[PDB]
Amino acid sequence: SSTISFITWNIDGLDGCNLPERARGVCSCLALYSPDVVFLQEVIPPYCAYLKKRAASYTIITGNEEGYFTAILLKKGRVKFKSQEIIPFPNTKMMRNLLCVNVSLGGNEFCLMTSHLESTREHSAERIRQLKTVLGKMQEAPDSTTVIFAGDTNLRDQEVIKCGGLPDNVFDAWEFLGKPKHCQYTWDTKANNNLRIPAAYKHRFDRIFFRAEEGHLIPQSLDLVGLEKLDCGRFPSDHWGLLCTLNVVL
Amino acid sequence: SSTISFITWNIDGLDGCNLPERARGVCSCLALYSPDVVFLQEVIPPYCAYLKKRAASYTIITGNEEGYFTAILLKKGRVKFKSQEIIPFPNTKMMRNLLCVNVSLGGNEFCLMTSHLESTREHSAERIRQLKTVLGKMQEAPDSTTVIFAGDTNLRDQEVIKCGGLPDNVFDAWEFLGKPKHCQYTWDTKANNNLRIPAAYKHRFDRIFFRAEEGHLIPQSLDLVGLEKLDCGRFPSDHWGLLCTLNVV
DNA sequence: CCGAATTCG
DNA sequence: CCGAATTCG
Ligand SMILES: [Cl-]
């Protein structure tokens, strides 16, 4: 159809506690909403094998297969793969990179990108550099393609200003939708207890950027996912996922 | 004569390596110089027990004797113990406090004080707060008493000023003597390799303060001690000790 | 007990 | 993955 949906979610593979139950929890949300595309960050090789069993309707494209890495799942029978590419971050100290996957979906071409930009306050400078590399590659991507970036940016609002703000042709879907409160904070230690942080902190670490011809890609909605606590008393991740549906015109 | 000698020394009881060798090293130094008073910091309970045997010419005054603590040793037949008192550092996160011992020596009354102020650069604020309490208690001691503080202040450059500088009647013994360079740094990872720190860092962490009436107390000398590396290949401590002699008028 | 990398409630 | 506490060369 002329509508596309995706989920972007850091699933926190580096937290070994209750990982099998949490992976099952993630696959529940995927079965519940059945998006066309999933962007995952912090995947580990075991977590990746759990997906090939309980999310078998997706094709997994990965940015590595050692340590922790990102992945882009493509719904079989709805998305067809064309090619992939991994742009390195030459100065990452956390093995971060940029995963790019070109696909066809509903008859239109798409360049799907995800990344897990450098983490923590103390790495603000490298995180800004990596953001520039991502936005640069979004603009350099073929004129004929629609580009969607979804990932764990680890950004603070101050750092996007320090960086020059988003280009005029790259849109933040949450911003486009009017900065709605219900899905602002994707990482919230008051509503989420997985990390056992006593203090309350909230951030909009997880973001969706797109580049399209005027009026060709129109966000319709943004919602948190992974809100249901599991049988073990913990959520699937310390992040909430973002579920986005967009209309494609023409 | 009308002279007092003392040593102050963080002996790093928290470094487990070669602690028996090192405690033997500390006692051998104390016996070469045989000061009237010794202020020790980072003593632990087996280190303290060791001292009560091999340093039997000294009375050991302590506080809780739990965890790591400070002690003050008083040479028998020279210093007469009178009382002791422990002032807390209410906001310390490192079990630090101010040990005070009142003694009679050569006929004069002394209030000897030691402490191991909060460590690391991150805890600058609590360190300065503890310093104010120490200077506080030096001010409030009876006027006829000579007050000598000696301990591991962990103070950096600028931290004493940001605190408001020393009172007018409290002198730093190293400053009084003209800031001699021969004993400026008491913690020097270039000259002392116990901690195995690659980089070179130097600090005057160990300091002597005294309050005395005009011309009543004059520093004569101040020297480093613990400079001889031991058979095991390390130093008694990662700190040099300070040996000080003062004349009393 | 430096301070950068790591742990942890 | 916050940010104070710990670690270790
Ligand atoms: Cl719930």
Side-chain angles (χ1 to χ4, degrees), chain A residues 9-17 22 41-42 44 68 92-96 116-127 151-156 185-206 226 233-241, chain B residues 9-17 19 22 41-42 44 68 91-96 116-127 151-157 185-206 226 234-241:
Chain A
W9 202 352
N10 173 329
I11 48 70
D12 199 6
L14 298 178
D15 174 16
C17 295
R22 286 163 46 214
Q41 305 84 44
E42 284 207 29
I44 56 175
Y68 65 95
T92 183
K93 305 186 173 307
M94 307 182 174
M95 298 308 90
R96 312 303 176 78
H116 183 193
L117 308 198
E118 212 93 345
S119 302
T120 78
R121 212 143 158 249
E122 298 82 0
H123 292 75
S124 184
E126 177 60 10
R127 163 159 66 255
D152 184 357
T153 73
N154 273 302
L155 289 165
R156 285 70 172 168
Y185 304 112
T186 65
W187 187 90
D188 179 346
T189 63
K190 184 179 183 180
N192 186 314
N193 62 339
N194 274 30
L195 298 189
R196 271 187 288 140
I197 298 173
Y201 305 106
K202 39 190 73 176
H203 292 275
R204 181 171 78 92
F205 286 153
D206 298 87
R234 309 176 70 232
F235 301 89
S237 177
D238 58 315
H239 299 237
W240 310 129
Chain B
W9 203 351
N10 178 322
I11 51 78
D12 201 356
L14 303 176
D15 173 20
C17 289
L19 194 55
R22 287 163 52 212
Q41 309 85 37
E42 275 191 51
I44 67 181
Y68 64 100
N91 283 320
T92 187
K93 303 184 169 72
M94 305 179 186
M95 290 294 298
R96 308 303 172 80
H116 179 199
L117 305 193
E118 213 82 354
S119 317
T120 82
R121 207 163 63 185
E122 287 65 19
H123 291 76
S124 181
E126 180 59 21
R127 172 155 62 257
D152 189 351
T153 72
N154 267 315
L155 287 166
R156 267 87 163 160
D157 336 59
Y185 303 123
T186 65
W187 186 89
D188 179 350
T189 64
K190 176 187 180 179
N192 184 309
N193 59 350
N194 276 26
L195 295 185
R196 299 152 67 180
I197 296 175
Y201 306 111
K202 300 170 186 171
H203 297 283
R204 190 173 73 93
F205 284 155
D206 301 285
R234 313 176 69 215
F235 294 98
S237 173
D238 60 321
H239 297 247
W240 309 135

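These numbers come from the heavy atoms of this one structure, side chains and all, not from hydrogens, waters or symmetry mates. Proteins come first, then strands; the chains are lettered A, B, ... in the order of their sequence lines, and each starts at number 1.
Side-chain contact annotation: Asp238(A) with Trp187(A), donor-acceptor N/O pair under 3.5 Å present. Using modelled atom types and a 3.5 Å distance limit, the side chains of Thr92(A) and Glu126(A) yield no donor-acceptor pair.
Contact annotation for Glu118(A): no contact, since no heavy-atom pair falls under 4.0 Å across all strands. Residue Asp152(A) is in sugar-phosphate contact alone, with no base atom involved, counting any heavy-atom pair closer than 4.0 Å across all strands shown.
One interatomic measurement links the two molecules: CH2 of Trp240(A) to P of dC1(D), which rounds to 15 Å at whole-angstrom precision. We find that CG of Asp188(A) is positioned 14 Å from P of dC1(D), with the value rounded to whole Å. Atom CG of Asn193(A) is separated from atom P of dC1(D) by 17 Å (rounded to the nearest Å).
Note on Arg22(A) versus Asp15(A): salt bridge recorded, some NZ/NE/NH1/NH2 to OD/OE distance being below 4.0 Å.
Shown here are the side-chain hydrogen bond (donor to acceptor under 3.5 Å, both in side chains) partners of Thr120(A), two or more places apart in sequence or in another chain: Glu122(A), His123(A).
Contact annotation: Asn194(A) does not reach the phosphate of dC1(D) (side-chain N/O to OP1 or OP2, under 4.0 Å).
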Determine, for nucleotides 2-9 of chain D in 5'-to-3' order, which nucleotides have protein heavy atoms under 4.0 Å from the base (write B), from only the sugar-phosphate (write S), or from neither (write -). BS-S---B
Go through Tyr185(B) and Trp240(B) one step at a time and tell me if the ring-ring contact (aromatic ring centres under 6.0 Å, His included) criterion holds. CA-CA 8 Å; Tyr185(B) 303 123; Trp240(B) 309 135; over 10 Å; no
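The closest donor-acceptor contact from the side chain of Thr153(B) to the backbone of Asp206(B) lies at 3.5 Å or more, if one exists at all.
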